[PDB]
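Novice:
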Amino acid sequence: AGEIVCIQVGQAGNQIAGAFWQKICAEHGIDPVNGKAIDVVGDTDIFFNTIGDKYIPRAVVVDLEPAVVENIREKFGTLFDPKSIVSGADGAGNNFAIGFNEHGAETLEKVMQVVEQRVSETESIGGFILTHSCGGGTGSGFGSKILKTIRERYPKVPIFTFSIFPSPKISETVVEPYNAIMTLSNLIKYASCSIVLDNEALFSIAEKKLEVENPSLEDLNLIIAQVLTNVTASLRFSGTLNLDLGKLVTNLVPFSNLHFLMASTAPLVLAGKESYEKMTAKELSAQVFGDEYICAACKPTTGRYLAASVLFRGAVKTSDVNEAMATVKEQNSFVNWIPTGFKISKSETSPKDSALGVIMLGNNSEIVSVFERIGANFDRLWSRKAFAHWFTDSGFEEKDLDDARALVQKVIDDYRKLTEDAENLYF
Amino acid sequence: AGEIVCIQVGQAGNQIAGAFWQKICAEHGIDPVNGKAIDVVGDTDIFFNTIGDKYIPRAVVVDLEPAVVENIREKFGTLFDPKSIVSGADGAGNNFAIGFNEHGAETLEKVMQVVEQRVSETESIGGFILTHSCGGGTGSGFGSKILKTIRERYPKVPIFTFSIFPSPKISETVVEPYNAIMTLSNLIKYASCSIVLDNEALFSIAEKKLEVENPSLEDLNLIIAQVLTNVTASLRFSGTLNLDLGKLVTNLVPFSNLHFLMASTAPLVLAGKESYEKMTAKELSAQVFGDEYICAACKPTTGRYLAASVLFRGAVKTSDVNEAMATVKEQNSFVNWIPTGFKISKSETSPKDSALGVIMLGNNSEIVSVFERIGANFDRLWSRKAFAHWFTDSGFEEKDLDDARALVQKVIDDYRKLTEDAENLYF
Amino acid sequence: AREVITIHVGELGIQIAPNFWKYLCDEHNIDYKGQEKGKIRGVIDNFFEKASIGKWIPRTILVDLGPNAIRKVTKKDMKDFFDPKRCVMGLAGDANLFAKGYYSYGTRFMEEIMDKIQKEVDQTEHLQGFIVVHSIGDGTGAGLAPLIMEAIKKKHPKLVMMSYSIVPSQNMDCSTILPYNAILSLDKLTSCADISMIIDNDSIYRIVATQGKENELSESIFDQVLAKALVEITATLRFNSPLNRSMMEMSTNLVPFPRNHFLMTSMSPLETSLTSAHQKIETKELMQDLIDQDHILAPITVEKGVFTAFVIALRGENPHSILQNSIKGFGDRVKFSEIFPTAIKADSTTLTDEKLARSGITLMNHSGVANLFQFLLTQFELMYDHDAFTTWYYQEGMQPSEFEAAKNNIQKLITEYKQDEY
Ligand SMILES: Nc1nc2c(ncn2[C@@H]2O[C@H](COP(=O)(O)OP(=O)(O)O)[C@@H](O)[C@H]2O)c(=O)[nH]1
Ligand SMILES: Nc1nc2c(ncn2[C@@H]2O[C@H](COP(=O)(O)OP(=O)(O)O)[C@@H](O)[C@H]2O)c(=O)[nH]1
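Residue numbers (the deposited numbering), protein chains in the order written: chain A, 2 to 428; chain B, 2 to 428; chain D, 2 to 423.
What follows is the structure, given as structure tokens:
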């Protein structure tokens, strides 16, 4: 019933999702380069369309790039069905306005036809997952139009977006803050939940928690993929009690515009028996809630939580969960009105490279610092109108650039006001 | 009285049967390369014709190959009597139609004369055992004509066939699905029971349960031979209560066209004291009924049983059999109409390399997945008529290729319908 | 045979089912396939339907707005035991909202559910009542169980309806919207059930942990304790006991006013596997254990509050002269109002568990329930007054006055239970 349709938009979107699909295929027991399997485990129907002995991942692959199909065959074999891959003609040169306005009506109609076919092979739609990168030209503007279009066709369906935000210190292109704000404005309006990730945080993790020396994006994507595979464990491995995407939206989002979540996982293990059997839920909870495993450039132990959820995997003792979470409640800071704080869940099936593991998600007021940095960079460039012609000559009015900024500021102000008011909601 | 005549057809047939005969000669106490013995144990008359001090295995050795006798002397010494070996002139190039149609009348008449002589040296015929491989050109087509011919001359005699089916993942030749379906069609029409074996399952067993590193077919044949020696223990070692081939047909086949059985054995021990004295019947039953020792590419713990039989060897306690089987009944799934489920037997004589051992056979609805894969591969090639000229230019009509497929589908549909109906036969 | 129909609603009620039903199967000498295993004992007919063949069928219905709790129970944990035509499955689940279970989604399944219930009712000449087992946490349990109860009471008004309401923990089972579903559903249980048992999972977790301080237990112990408490409550409805002979007698013994029907329980030895080796529990210790803090499956101290009714059901030989001295010896730990005699009733029935010398369970109508309700109500108010997560309920039809009504009903219920405290 809780069938998931993934949408992958742009180069980052496809590489991250690619790593995810190949890890999913390892846990369920499917060949990552063929889709062919004889003996599989878990509820494979949530993510794969099985025809004969081939498990076809349910995904819509989208680009503006002229040769997206060949680019996939070369890395992912025949795992993805070519009928689901939508190729483009020219491309968006890191310009939100091209991905969003000047993309071609036909390109979008084909994406929608593919989505309709994928939702037509389901007894029910459990939700959509969008994987993309906010500073690009297709994963930002086209991915944003797709969220708009999907939410208009399927309102009341939980959309989760996983996206890469600018890094806190160094930036990629000068245009990046314009692409990032307009992408964020559309995430604010259309996603049910958004997971904020960035590369600076992930690199520190790759260099300090993984054994890899001099990691590249290929290694960095295994941290993101690990977040994605763990967050879908309960869905994939069932259980009498479990978590679907609609359970996460209901429990983590207290207001409709405060859905931006942080993510953290531990242990991080590269394939092979390179891990150590710590086997302790208490240690994993202490780690997942520390600042060192957070996949975004923020410092959550200094903020305040509105809500959080923790999913434990493997043979975790009930007694250790209760004690470990008691420690977490004592050490961290929560807002009074939400009085229960957490959503807790367990899935008895172990991740393939560790007997135990933990994934945590949550609403931490600290997240505004990511948005505030983006806002400030935009304001300086916008005031001087540097690289601005690239957006207004591609269909935007100054009004749209200003309204997108205003919406972003509204979310920041709402998170901060709530957080400051919170100090006295206890007296 | 329950004398057995074995028929070995084609290269795989001869190699597998060869391994069997040499293991039988170890348990009874006969020289495997001479047939000569002074002191033997067990009822050797079931499988050997004893003349003087030489024990001559009762087998008909059949090939289309020009020098089959010399090829046997080189590996089996003088164990087999040359008068029972039927040589050919050219050979069947992996083409069922050559083994079946264009084989030479004389070749078949000689095989039948040899069979008549072997059945003429018996006070009674206990049954025939055919060993062969479904994807070959002689073990498929010629072996199939032999089953037809034997059943016409000796109706009401239990024929057991042991055969190698295509492996689930990789295939050998492109023609293999045509050879496999026509062979299966004839097994459906003429065998009393058929044991479905394949190499993919056997290789996993050889690599994980045997200590051998990088096993070849020579090692793989010792797993098949172990199945064959254990299934004939009660016959060979007598006992007041025992199992003949006619007991197995009566008990395991509820309908005339649902006689395809799975086989499983444990422990698997290579010659030498490399084994460990687990000595526990409970553990052996848990293992034989798990998926890890099944000698075919199927997963029986997820299907439903129509019937099954278990033969225990060695000093097995009655009390442990009853408790062990109670566990099996609780864990597995059976069809209601057959209310007793099992046929259980014991033979007090130990296998030579272990004090205890267990062999299990049974009708598990899961078996259709083997047949369904073969069917589908055929349908795709047949629709395109690839390599088809090789069958129609050798005497088959499209009608025969289509009728063989139809018979196979009938068996699949009957197993599946019964299995699905079964869920409500309990209410 | 006065027959009882058991309905399991929601993911937890279903999770419990295999433990509840296995206990009954072993208790009456029936295998898990419904086949007889030697001599059948007790009034088997009250919980099991006899097939046209030798098989016994549990007289039960399983309801889930998603497909998964049922799939695991009937396909993996207790195969071939439950009748598939008595299982009701939706597709969407409940997104943890009361609103889906009671107003927007679960309502479309009521024709199916009532049709299956009638088919089950039609097989019995003398129906005593219904037992509905449900979580009050999640939307399926919190929402549908009262929707189902109302539909039944309006069709079969003369039957006694009992609910087994399980309150989720503030830790292992927690949710950020638990207080909304708990208040919104207590509001309906108040008019739906004749008898409502409250079991608190936090008490189970601390009680078992205390008993387990000397060992590693098993992760299955938490579910076995929760399932066992229902089995023991029902023991007198299955054996020819001199107590709680029928659901109608439980109602007359424990509930003096239509609204004051929320009951607490206490159990000893909790589980057989927790009390192993030398467990000669003398009649004297068993009764002291039953009013001990570590045996009460609620955050209740009997000494702090007032009893309205109290029934002690023991199993095994329990001489009456001991039971009377144990009761007199309760002193002022067990106290009632000045408008009641100290109406404490105790006796014993048949033991089926060969490992225990004796055992028992109590049913209490005690003012301490008001403290659980106030705890949950305070949490409700903090969230409600600042609109936390209310959009998710409003989007599915819960007009705001619906929350306000539940708030007021529960505060009145708390006020009424505490009347004797003042
Ligand atoms: N974590 C991660 N980040 C990536 C990857 N590829 C690109 N990025 C980031 O995504 C940003 C936008 O990428 P881009 O190539 O312009 O995407 P597109 O124009 O939307 O197809 C880059 O500036 C990088 O910071 C990847 O494989 N993984
Ligand atoms: N287990 C086992 N399999 C074999 C052996 N020899 C061959 N095979 C399998 O049998 C199939 C058919 O063999 P083939 O040589 O064509 O036999 P023939 O033409 O009928 O004599 C091959 O494709 C292999 O998969 C053996 O010694 N043991």
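Ideal placement from N, C-alpha and C gives every residue a C-beta, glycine not left out.
When you compare the CB of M384/D with every CB in chain A, is at least one pair closer than 8 Å?
Specialist: Position 383 of the third sequence, counted from the first residue, corresponds to residue 384/D. Yes, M384/D lies at the interface with chain A (some Cβ there is under 8 Å from its Cβ).
Novice: Would you mind telling me which residues of chain B sit closer than 7 Å to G53/A, beta carbon to beta carbon, in chain order?
Specialist: As a first step, residue 53/A is located in the first sequence; it is residue number 52 there, counting from the start. Here the neighbours are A377.
Novice: For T341/A and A327/A, I'd like the C-alpha separation in whole angstroms.
Specialist: Within the first sequence, the letter at position 340 stands for residue 341/A. Within the first sequence, the letter at position 326 stands for residue 327/A. Roughly 12 Å between the two C-alpha positions.
Novice: DSSP puts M162/D in a beta bridge; with which residues?
Specialist: On the third sequence, position 161 is the one that residue 162/D refers to. BP columns for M162/D point to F131/D.
Novice: Based on the DSSP secondary-structure assignment, which residues constitute the bridge partners of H321/D?
Specialist: For this step, residue 321/D is matched to residue 320 along the third sequence. DSSP output for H321/D lists no bridge partner at all.
Novice: Have a look at the DSSP bridge pairing and note the partners of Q9/B.
Specialist: Counting from one through the second sequence, the residue named residue 9/B turns up at place 8. In the DSSP output, where bridge partners are listed per residue, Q9/B has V62/B and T132/B.
Novice: Looking at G11/B and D64/B, is the spacing between their C-beta atoms short of 8 Å?
Specialist: By one-based count along the second sequence, residue 64/B stands at place 63. By one-based count along the second sequence, residue 11/B stands at place 10. It is a contact, given that the beta carbons lie within the stated cut-off.
Novice: Nearest by alpha-carbon distance to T139/A: which of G100/A, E110/A and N72/A is it?
Specialist: On the first sequence, position 138 is the one that residue 139/A refers to. For the residues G100/A, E110/A and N72/A, the minimum Cα distance to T139/A belongs to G100/A.
Novice: Give, in chain order, every unbroken run of the beta strand (DSSP E) that is at least 3 residues long and sits entirely within the stretch 281–352 of chain D.
Specialist: For the stretch 281–352 of chain D, whole beta strand (DSSP E) runs of length 3 or above, ordered along the chain, are 308–316 and 345–350.
Novice: Please say whether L324/D and residue 424/D have beta carbons closer to each other than 8 Å?
Specialist: Outside the displayed range of chain D (2 to 423) lies residue 424/D, so it cannot be described from this structure.
Novice: Counting along the chain, where does the beta strand (DSSP E) carrying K347/B start and finish?
Specialist: As a working note, residue 347/B is residue 346 in the second sequence. Here the beta strand (DSSP E) through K347/B covers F343 to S348.
Novice: Using a Cβ-Cβ cutoff of less than 7 Å, which residues in the same chain neighbour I71/D once the five nearest sequence positions on both sides are dropped?
Specialist: Translated into positions along the third sequence, residue 71/D becomes position 70. Closer than 7 Å at Cβ, skipping near neighbours: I15, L63, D65, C88 and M90.
Novice: What I want to know is whether the C-beta of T139/A ends up closer than 7 Å to one or more non-hydrogen atoms of ligand 1.
Specialist: Position 138 of the first sequence, counted from the first residue, corresponds to residue 139/A. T139/A Cβ: within cutoff of ligand 1.
Novice: Under a Cβ-count criterion, where at least 16 other Cβ atoms within 10 Å of its own Cβ denotes burial, should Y277/A be classed as buried or exposed?
Specialist: Stepping through the first sequence from its first residue, residue 277/A is reached at position 276. Classification for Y277/A: exposed.
Novice: Pick helix, strand or coil for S105/D, following the three-state DSSP scheme.
Specialist: Position 104 of the third sequence, counting from 1, holds the residue named residue 105/D. Residue state, collapsed to three classes: helix.
Novice: Thinking just about the alpha-carbon of each residue, which of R381/A, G247/A, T266/A and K84/A is nearest to the one in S355/A?
Specialist: Position 354 of the first sequence, counted from the start, is the residue given in the question as residue 355/A. Here the closest residue by C-alpha is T266/A.
Novice: Can you give me, in chain order, the residues of the stretch 113–145 of chain A that have a beta carbon less than 7 Å from any beta carbon in chain D?
Specialist: Taking 7 Å as the Cβ-Cβ cut-off against chain D, the residues of the stretch 113–145 of chain A that qualify are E124 and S125.
Novice: Would you list, in chain order, the members of the stretch 61–90 of chain D that have their beta-carbon closer than 8 Å to a beta-carbon of chain B?
Specialist: Flagged, chain order: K80, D81, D84, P85 and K86.
Novice: Any idea if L246/A is buried or exposed, counting beta-carbon neighbours within 10 angstroms, 16 or more meaning buried?
Specialist: Stepping through the first sequence from its first residue, residue 246/A is reached at position 245. Its Cβ being crowded by 16 or more others within 10 Å, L246/A is buried.
Novice: Quick one, are the C-beta atoms of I205/D and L92/D less than 8 Å apart?
Specialist: For the purposes of this step, residue 205/D is taken as the residue at position 204 of the third sequence. For the purposes of this step, residue 92/D is taken as the residue at position 91 of the third sequence. No, these two residues do not count as a Cβ contact at 8 Å.
Novice: Could you check the C-alpha separation between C26/A and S366/B for me, to the nearest Å?
Specialist: Residue mapping note: residue 26/A aligns to position 25 of the first sequence, counting from 1. Residue mapping note: residue 366/B aligns to position 365 of the second sequence, counting from 1. In a straight line, the C-alpha of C26/A is about 27 Å away from that of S366/B.
Novice: Could you tell me whether the Cβ of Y206/D comes closer than 8 Å to any Cβ of chain A?
Specialist: On the third sequence, position 205 is the one that residue 206/D refers to. Chain A, which has a Cβ nearer than 8 Å to the Cβ of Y206/D, makes this yes.
Novice: For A93/B, count neighbouring Cβ atoms within 10 angstroms of its own Cβ and tell me buried if that reaches 16, exposed if not.
Specialist: For the purposes of this step, residue 93/B is identified with residue 92 of the second sequence, where counting begins at 1. Buried, because 16 or more other Cβ atoms sit within 10 Å of the Cβ of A93/B.
Novice: What is the DSSP secondary structure of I41/D, reduced to helix, strand or coil?
Specialist: For the purposes of this step, residue 41/D is taken as residue 40 along the third sequence, with counting starting at 1. The answer is coil: DSSP assigns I41/D none of H, G, I, E or B.
Novice: Listing by chain order, which chain A residues have their CB less than 9 Å from the CB of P169/B?
Specialist: As a first step, residue 169/B is located in the second sequence; it is residue number 168 there, counting from the start. Neighbours of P169/B on chain A, chain order: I39 and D54.
Novice: I'd like to confirm something about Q227/B: is its beta-carbon nearer than 7 Å to some heavy atom of ligand 1, or not?
Specialist: On the second sequence, residue 227/B is found 226 positions in, with the first residue counted as 1. Not under cutoff, so the answer is no.
Novice: Would you tell me roughly how many angstroms separate the C-alpha atoms of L148/B and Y191/B, rounded to the nearest one?
Specialist: On the second sequence, position 147 is the one that residue 148/B refers to. On the second sequence, position 190 is the one that residue 191/B refers to. The straight-line gap from Cα to Cα measures roughly 6 Å.
Novice: Could you please tell me which residues of the stretch 17–30 of chain D, in chain order, have their CB closer than 9 Å to any CB of chain B?
Specialist: Listed by position, the residues of the stretch 17–30 of chain D near chain B (Cβ gap below 9 Å) amount to none.
Novice: Within the 8 Å Cβ cut-off, does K300/B reach chain A?
Specialist: Here residue 300/B is taken as the residue at index 299 of the second sequence, counted from 1. Closer than 8 Å to some Cβ of chain A, the Cβ of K300/B qualifies, so yes.
Novice: Pull up the DSSP beta-bridge partners for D199/A, would you.
Specialist: Along the first sequence, one-based indexing puts residue 199/A at 198. Per DSSP, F166/A.
Novice: Using a Cβ-Cβ cutoff of less than 7 Å, which residues in the same chain neighbour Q288/A once the five nearest sequence positions on both sides are dropped?
Specialist: Walking along the first sequence from the start, residue 288/A turns up at place 287. Closer than 7 Å at the Cβ level, and outside the excluded window around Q288/A, lie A267 and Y294.
Novice: If you drop the 5 nearest sequence neighbours on each side, which residues of the same chain put their C-beta closer than 6 Å to that of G304/B?
Specialist: For the purposes of this step, residue 304/B is taken as residue 303 along the second sequence, with counting starting at 1. The answer, listed in chain order, is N365, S366 and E367.
Novice: For the beta strand (DSSP E) containing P59/D, name the first residue and the last one.
Specialist: Mapped onto the third sequence, residue 59/D falls at position 58. Element bounds for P59/D: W57 to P59.
Novice: Pair every Cβ in the stretch 371–380 of chain A with every Cβ in the stretch 168–184 of chain A, then say whether three or more of these pairs are closer than 8 Å.
Specialist: Enough Cβ pairs lie closer than 8 Å, so yes.
Novice: Taking the alpha carbon of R316/D as the reference point, which residue from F131/D, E233/D and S136/D has its own alpha carbon closest?
Specialist: Position 315 of the third sequence, counted from the first residue, corresponds to residue 316/D. Cα-wise, what sits closest to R316/D is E233/D.
Novice: For ligand 1, I want to know if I17/A counts as a neighbour, meaning its beta carbon is within less than 7 Å of at least one of the ligand's heavy atoms.
Specialist: As a working mapping, residue 17/A is identified with position 16 in the first sequence. Flag set: Cβ of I17/A near ligand 1.
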